[PDB]
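Chemist: Structure in structure tokens, see below.
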Amino acid sequence: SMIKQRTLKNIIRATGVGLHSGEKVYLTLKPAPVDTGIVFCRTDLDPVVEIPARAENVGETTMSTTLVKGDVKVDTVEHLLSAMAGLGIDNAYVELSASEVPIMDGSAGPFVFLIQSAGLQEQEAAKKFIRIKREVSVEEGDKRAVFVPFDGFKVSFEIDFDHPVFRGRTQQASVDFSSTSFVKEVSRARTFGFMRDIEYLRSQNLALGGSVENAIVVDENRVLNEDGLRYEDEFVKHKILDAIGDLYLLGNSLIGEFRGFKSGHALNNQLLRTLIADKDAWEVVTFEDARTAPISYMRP
Ligand SMILES: C[C@@](CCn1ccc(-c2ccc(OCc3ccccc3)cc2)cc1=O)(C(=O)NO)S(C)(=O)=O
Ligand SMILES: [Cl-]
Ligand SMILES: [Zn+2]
């Protein structure tokens, strides 16, 4: 059959705290109709404020990706959107009782488990993909983010931290997500920060909820987390996780390759905005036969 749009089969709930705000938040994921996309909903407000998870609604990109509408924000959407992208979820309502998505364990692991526990549901409309037709890039200083054509979906990333826990380590990685490798390869890679920064961060209303329970905390000469890493390359894998979530602000799954070099949320957003304006560089495609498509998906 054709590759169909997907939504959630049943309502999913989670409780947590925002990484940056420290505020307790109740998360509710709900099914949504065809061509809704992912829409965030601030249900603590009356009337509610609904913000589509689209590039056009990105405000700040300092230490997270923040959606904005009116005076209202939804902060730190990248890890939940990475889970949505990784599982191929087209349509969903994401209700929040506060201004930031719960950080959970710092990865997309809890989200992919909660979603897959409930299950997905295929919808009777063709899934739409954005296919990269020619190279699109943005740079700022030594940072760079690039889309190149690729028959599938692949993400590569390189970091360069002038830090003794990073020097001499694997700071580059490439993952092919044309099959069902997202869950195994990157979903559990945790966010990370530096103990040295915590006073400055907190003064900016950042990392107020951060701890070893939801982040890899890096001290001057060692990782603070006593229990160890989930992957020897967990840092660069998390950057890949972030990129997948930020890229999903395009509103559809990508057929192409992303390469990040010391990039982050700000440059990811700039890349999407120039791609969207550069219309000859991309097209929208569907697949009436899943067997002939370049990306394959798990059963719902
Ligand atoms: C932007 C990033 C990273 C986001 N993040 C994550 C964690 C912390 C962060 C957490 C805890 C910290 O210290 C806790 C502490 C301090 C003293 C003693 C004990 C314990 C410091 C810092 C800060 C921060 O900004 C991203 O994942 N966005 O999606 S990233 C990886 O792309 O830089
Ligand atoms: Cl950046
Ligand atoms: Zn992250």
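Here the Cβ positions follow ideal geometry from the backbone for every residue, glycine too, while neighbour counts run over all protein chains shown. The numbers here are math on the coordinates, done by the rules we state, and not lab data.
Chemist: Is it the case that segment 143-165 has a residue that's basic (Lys, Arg) and within 15 Å of ligand 3 (Cβ to nearest atom)?
Modeler: no
Chemist: Quick check, is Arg291 within 16 Å of ligand 2 (Cβ to nearest atom), farther than 30 Å from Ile216 by Cα and assigned to a helix (DSSP H, G or I)?
Modeler: Numbers: within 16 Å of ligand 2 (Cβ to nearest atom): no; farther than 30 Å from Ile216 by Cα: yes; assigned to a helix (DSSP H, G or I): yes.
Criteria not met by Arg291.
Chemist: Here's a follow-up. Between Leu247, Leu267, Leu229, which is within 16 Å of ligand 3 (Cβ to nearest atom), among the hydrophobic types (A, V, I, L, M, F, W, C), surrounded by fewer than 17 Cβ atoms within 10 Å (Cβ to Cβ) and over 21 Å from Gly16 (Cβ atoms)? If you could, list the steps in order and put the result at the bottom.
Modeler: Values: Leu247 fails: surrounded by fewer than 17 Cβ atoms within 10 Å (Cβ to Cβ); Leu267 fails: surrounded by fewer than 17 Cβ atoms within 10 Å (Cβ to Cβ).
None of the others qualify; the one that does is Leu229.
Chemist: So which strands (runs of 3 or more DSSP E) are wholly in segment 1-103 and hold at least 3 residues that are surrounded by 20 or more Cβ atoms within 10 Å (Cβ to Cβ) and hydrophobic (A, V, I, L, M, F, W, C)? Don't jump to the end; show me each part of the working.
Modeler: Numbers: elements: 4-8, 12-17, 24-30, 38-42, 49-52, 67-69, 72-74, 92-96.
Ranges flagged: 24-30, 92-96.
Chemist: Let me ask another. Checking the structure you have, find out if any residue of segment 261-275 is farther than 24 Å from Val74 by Cα and either within 16 Å of ligand 1 (Cβ to nearest atom) or in a strand (DSSP E or B) (or both).
Modeler: Within segment 261-275 (the criterion being farther than 24 Å from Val74 by Cα and either within 16 Å of ligand 1 (Cβ to nearest atom) or in a strand (DSSP E or B) (or both)), the answer is yes, since at least one residue qualifies.
Chemist: Another question about this same structure. Being touching a strand residue (DSSP E or B) at 6+ places or on another chain (Cβ under 6 Å) and acidic (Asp, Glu) is true for just one of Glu23, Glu78, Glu60, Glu50. Which residue is that?
Modeler: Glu50
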